[PDB]
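Visitor: Give the three-dimensional model of this entry:
(2 chains, ligands or ions: 4)
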Number of protein chains: 2
Amino acid sequence: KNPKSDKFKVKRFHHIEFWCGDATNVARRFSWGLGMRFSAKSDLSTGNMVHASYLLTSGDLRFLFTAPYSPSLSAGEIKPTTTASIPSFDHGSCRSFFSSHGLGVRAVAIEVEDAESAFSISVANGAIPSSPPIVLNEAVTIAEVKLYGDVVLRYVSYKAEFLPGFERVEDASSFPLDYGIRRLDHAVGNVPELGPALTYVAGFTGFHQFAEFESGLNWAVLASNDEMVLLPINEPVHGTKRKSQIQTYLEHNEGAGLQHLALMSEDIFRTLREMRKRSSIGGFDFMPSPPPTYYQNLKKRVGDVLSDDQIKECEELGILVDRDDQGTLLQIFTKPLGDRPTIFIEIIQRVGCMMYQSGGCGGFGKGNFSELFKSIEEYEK
Amino acid sequence: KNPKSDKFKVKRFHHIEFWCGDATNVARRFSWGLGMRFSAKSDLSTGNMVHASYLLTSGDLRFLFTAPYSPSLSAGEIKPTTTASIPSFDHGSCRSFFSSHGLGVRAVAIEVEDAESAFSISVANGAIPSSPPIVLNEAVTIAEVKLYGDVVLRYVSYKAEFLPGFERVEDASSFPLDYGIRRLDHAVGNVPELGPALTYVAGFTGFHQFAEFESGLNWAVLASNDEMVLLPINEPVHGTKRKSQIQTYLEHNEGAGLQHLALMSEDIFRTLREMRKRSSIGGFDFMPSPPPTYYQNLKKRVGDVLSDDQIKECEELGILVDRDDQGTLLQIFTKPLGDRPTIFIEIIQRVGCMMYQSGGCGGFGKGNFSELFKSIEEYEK
Ligand SMILES: C[Si](C)(C)CCOc1c(S(C)(=O)=O)ccc(C(=O)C2=C(O)CCCC2=O)c1Cl
Ligand SMILES: C[Si](C)(C)CCOc1c(S(C)(=O)=O)ccc(C(=O)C2=C(O)CCCC2=O)c1Cl
Ligand SMILES: [Co+2]
Ligand SMILES: [Co+2]
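Guide: Residues are numbered from 1 along each chain as shown, chains lettered A, B, ... in the order given. Ligands and ions are numbered 1, 2, ... in the order given. There you are, the coordinates:
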């Protein structure tokens, strides 16, 4: 059931902004590890005395990395005279965020028809305001409301190139890396209590619950009208034999925040070959692979969607597989992106639900919790 | 003249420690950009609830990257029960350092015969104490005194594998990168006033001034007895047409700190080929190359040390060349390592002064200030 109850018109995920201590080193690491091109900048070289922001792109996926300069560089500025390209930025907030949570996502940004309207309707419907709507160079409007923890949902709308005051980066400085990643599929938050978080977010967005099909968590997924903006939320379950990884997140993160970003690839096998080649030379590591029993058991569950070669090519790369009543999902998870066991990345590819592919085809891998358990015990014997 | 007036026995540069916001991303970036292997760790996986520290090595060069975890992870600890592997570490100091200066060097560490003695004699001779001598697992002694700004000179001595509580990293996780870098040649500080900084440091070390042979700086070099520990210090010169880059450093860094690290390569040409291949795929960028006139003028000044092929191979790579009355130096400079125009890296190779090669053979490139000026104007015509 899709009641299509969005309270304002939502388009697609627009970008994800990381708040960093040094944006240069995180951005260069991510570019190599994920195969994303440097495409725009806003920093001292573009007149920004407030923050350094570097934009990486791969297909429609946009990763923004932002860090504060010394406040002394802009101590004479006021908001009307600011040189910041992102008017919501605040030195204090950024330093406080990074010292509290370490490296992670500050903004989940979605493009909307009218960011001023989205903001007004959101806060009229219970959203906690974070940064009021601001029109940038009469062309782009940005607004922000609290999402969970210190993460904001950022609305961006365009009258008619990332943001004004960002410059396209020099072709010499911009190497065309590409490992097949194409867009953000979903963005997942961890919270102490799922109910109140769901009530808050669905309350001010009108996003509806996306239908699904002992592991220490409960979750639900909020979706926009066409189900292309997908926001799962996890809560821990206490008392289990193995401590809830959601609780471990909340402790190391100092509370609620973004748990993982799921990046759709147009060829997950090429992506995983390319990322795994770079794991030990500056890229990302991957979760330990499932046992061979998991891949032995894949014939019975998806033998009609994947060939024997494609299945064995999953086992080489550690890829996980799950299936809906509509489609099939291939997924794999990185180790944490930084020092703390908090944010990680998911690479996914969806098979089926062709009408274009409808959003969320195949689900989010719920069945793989039960299946991973079965396979580790089967394999032991 | 070398009066050999060290007040305690100094051996070699031991390591350089960067204070970071996220040590993982900086370390992985540096590993790829510089060709340094991951060789030791101290973090949550080794029982350290206080800080994440990752060690990169290339030859004798040791780069340590350290960031704080949430203080809540260790809130029940006291110094006698600490899980930190580096007892001088302090959450507050580290966060304050990084928020003030951004990414940069916290410790210049030299190995000495007796770190307790080095500390006592240092502070008896005017050194400002920073962290008292501590014996780690009855095997290694660490002590720290203020050097300049928020940079400490760290003494390490071994009774008889980096530090106790660090683990050798998994061979699978430890890819054997190597672009030819072999050891730290010198480490350079920028200060507002050269005189008082020199008086302080030479006062408590007994290091002597190393003999040398309109650009906005004055400098001098302090050296240990065998001149293998080399600590140049710069001060700005005000009033010049072009603003002193030393003054620009002090402003963006919020005061005194480490300006550059000079890394000796056993084959600067291989190093520069390897680093330049990676500049736009996650590595380091290099200063703009000098004009062809600089390389035309190299025949007259070093045509008896470098072949025509070797000279043209310098021009391909942007390498700079200078000469002492004893030896010849090849050098090149990276762009700043992080967001701020502060710390950068120098790659160097020294030719001559064979006895082993005596320290500082060829100098530090003083002649290249005058020569670069001459060459840009010559080239214009
Ligand atoms: C952190 Si973990 C030590 C890697 C153990 C969890 O990992 C998985 C696994 S699975 C079989 O690996 O356990 C499967 C799916 C997902 C996943 O994406 C996801 C959603 O997007 C929304 C619903 C909640 C959820 O879980 C995740 Cl996080
Ligand atoms: C920051 Si800059 C925009 C790259 C301009 C400076 O660069 C250079 C140049 S040179 C010809 O490039 O001007 C040559 C040598 C060195 C150098 O290493 C050095 C020492 O170790 C100790 C003495 C002081 C000193 O300067 C440097 Cl920093
Ligand atoms: Co997911
Ligand atoms: Co130098």
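
Visitor: Which positions in the longest helix that chain A contains come out as buried?
Guide: Across chain A, the helix with the greatest residue count (assigned by DSSP state H) is helix A:367-380. The neighbour-count check on helix A:367-380 (16 or more other Cβ atoms under 10 Å in any protein chain shown) flags A:367, A:368, A:371, A:372, A:375 as buried. C-beta coordinates here come from the backbone N, C-alpha and C atoms, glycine included.

Visitor: Enumerate every residue touching the residue nearest to the last one when sequence neighbours are not counted.
Guide: What it means is residue A:375. Nearest non-adjacent residue to residue A:375, counting by Cβ to Cβ, 6 or more residues apart in numbering or on different chains: residue A:294, 3.8 Å away. The neighbours of residue A:294, taking Cβ atoms under 8 Å, 6 or more residues apart in numbering or on different chains as the test, are A:320, A:371, A:372, A:375, A:379.

Visitor: For residue A:294, grab phi and psi.
Guide: Torsion angles at residue A:294 (phi, psi; degrees, to the nearest 10) stand at phi -50, psi -40.

Visitor: What's the separation between it and residue B:74?
Guide: Remark: distance between residue A:294 and residue B:74 (Cβ to Cβ, to the nearest Å) = 37 Å.

Visitor: Name the residue of the stretch 201-350 of chain A that lies nearest to ligand 4.
Guide: The stretch 201-350 of chain A approaches ligand 4 most closely through residue A:282 (26.1 Å), counting by Cβ to the ion.

Visitor: and if you look at the stretch 101-250 of chain A?
Guide: The nearest approach of the stretch 101-250 of chain A to ligand 4 comes at residue A:173, 25.2 Å away (Cβ to the ion).

Visitor: Straight-line length of stretch A:45-64, end to end?
Guide: Length of stretch A:45-64, first residue to last, Cα to Cα, to the nearest Å: 17 Å.

Visitor: from the chain's centre, how far out does stretch A:20-38 sit?
Guide: With Cα atoms, centre = their mean, to the nearest Å as the basis, stretch A:20-38 stands 15 Å off its chain's centre.

Visitor: Alpha carbons of that stretch, in PDB - could you do that?
Guide: C-alpha atoms of stretch A:20-38 as PDB (Å, rounded to 0.1, in the frame of the first residue of the first chain):
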ATOM      1  CA  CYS A  20      35.300  16.400   8.700                       C
ATOM      2  CA  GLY A  21      38.300  17.800  10.500                       C
ATOM      3  CA  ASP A  22      40.400  17.900   7.300                       C
ATOM      4  CA  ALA A  23      38.200  17.700   4.200                       C
ATOM      5  CA  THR A  24      41.100  17.200   1.800                       C
ATOM      6  CA  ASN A  25      42.400  13.900   3.200                       C
ATOM      7  CA  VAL A  26      38.900  12.400   3.600                       C
ATOM      8  CA  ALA A  27      37.900  13.400   0.100                       C
ATOM      9  CA  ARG A  28      41.100  12.100  -1.600                       C
ATOM     10  CA  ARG A  29      40.800   8.800   0.300                       C
ATOM     11  CA  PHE A  30      37.100   8.400  -0.700                       C
ATOM     12  CA  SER A  31      37.800   9.400  -4.300                       C
ATOM     13  CA  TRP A  32      40.400   6.600  -4.700                       C
ATOM     14  CA  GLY A  33      38.400   4.000  -2.600                       C
ATOM     15  CA  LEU A  34      35.100   4.500  -4.300                       C
ATOM     16  CA  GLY A  35      36.100   5.700  -7.800                       C
ATOM     17  CA  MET A  36      34.500   9.100  -7.600                       C
ATOM     18  CA  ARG A  37      35.700  12.200  -9.500                       C
ATOM     19  CA  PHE A  38      36.600  15.500  -7.900                       C
END
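
Visitor: any idea how far the residue in the stretch 151-300 of chain A positioned nearest to chain B is from residue B:349?
Guide: Nearest residue of the stretch 151-300 of chain A to chain B (Cβ to the nearest Cβ) works out as residue A:282 at 3.3 Å. Residue A:282 sits 25 Å away from residue B:349 when distances are taken as Cβ to Cβ.

Visitor: can you check residue A:28 too?
Guide: Applying Cβ to Cβ to residue A:28 and residue B:349 gives a distance of 26 Å.

Visitor: Check which helix or strand the most centrally placed residue in chain A maps to.
Guide: In chain A, the residue lying closest to the centroid (Cα atoms, centre = their mean) is residue A:261, at 2.9 Å. Secondary-structure assignment from DSSP states H and E places residue A:261 in strand A:257-265.

Visitor: following that strand, which helix or strand shows up next?
Guide: helix A:268-277.

Visitor: Compute the inter-axis angle for that following helix and strand A:257-265.
Guide: With axes from the mean of the first three to the mean of the last three Cα atoms, to 10 degrees defining the directions, helix A:268-277 sits at 120 degrees from strand A:257-265.

Visitor: Give me the helices and strands touching helix A:268-277, please.
Guide: In terms of contacts (3 or more Cβ pairs under 8 Å, 6 or more residues apart in numbering or on different chains; DSSP states H and E), helix A:268-277 is packed against helix A:308-317, strand A:327-333, strand A:344-352.

Visitor: Surely residue A:219 is in contact with residue A:234?
Guide: Yes - Residue A:219 sits in contact with residue A:234 when judged by Cβ atoms under 8 Å, with a separation of 4.6 Å.

Visitor: Make JSON lines from the buried residues of helix A:367-380 and add distance to residue A:100 to it.
Guide: JSON lines is the format used below for the buried residues of helix A:367-380 (distance: Cβ to Cβ, whole Å):
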{"residue": "A:367", "distance to residue A:100": "35"}
{"residue": "A:368", "distance to residue A:100": "32"}
{"residue": "A:371", "distance to residue A:100": "36"}
{"residue": "A:372", "distance to residue A:100": "32"}
{"residue": "A:375", "distance to residue A:100": "38"}
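
Visitor: before we move on, back to that, the strand holding residue A:261 near ligand 3 anywhere?
Guide: Yes - applying Cβ under 5 Å from the ion, one finds strand A:257-265 touching ligand 3 at residue A:262.

Visitor: helices or strands up against that strand?
Guide: Strand A:257-265 is packed against strand A:104-112, strand A:181-190, helix A:245-252, strand A:344-352, with contacts defined by 3+ Cβ pairs under 8 Å, 6+ apart.
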